[PDB]
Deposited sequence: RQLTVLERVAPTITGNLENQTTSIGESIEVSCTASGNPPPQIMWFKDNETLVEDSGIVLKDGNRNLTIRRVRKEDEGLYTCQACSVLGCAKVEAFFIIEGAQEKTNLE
């Protein structure tokens, strides 16, 4: 229940990358628009699911991303420009 690390609102140009992370002082879980983050070839979780990377961001990536430690939470909205 003590999350730290760079989950902040943010804007990215289409076709680029977003790299964020949460670290808790338990198991970290991720949501997009309050639903479990569907991993796909461009979405890669690392290191106990603390690092989230999205490659070749497209419009469908835009939304509200939550990283939860289970109970603490951080939310951030991602805008895809261009």
The deposited sequence goes unmodelled at 1-10, 36-39, 85-88, 101-108
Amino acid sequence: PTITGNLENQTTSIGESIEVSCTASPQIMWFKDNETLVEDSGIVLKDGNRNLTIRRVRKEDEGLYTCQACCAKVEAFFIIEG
From here on, numbers count along this sequence of modelled residues.
Comparing 43-51 with 27-35, the one whose average Cα B-factor in the PDB entry is higher | 27-35
As stated in the PDB record, which stretch has the larger average Cα B-factor, 4-12 or 73-81?
-> 4-12
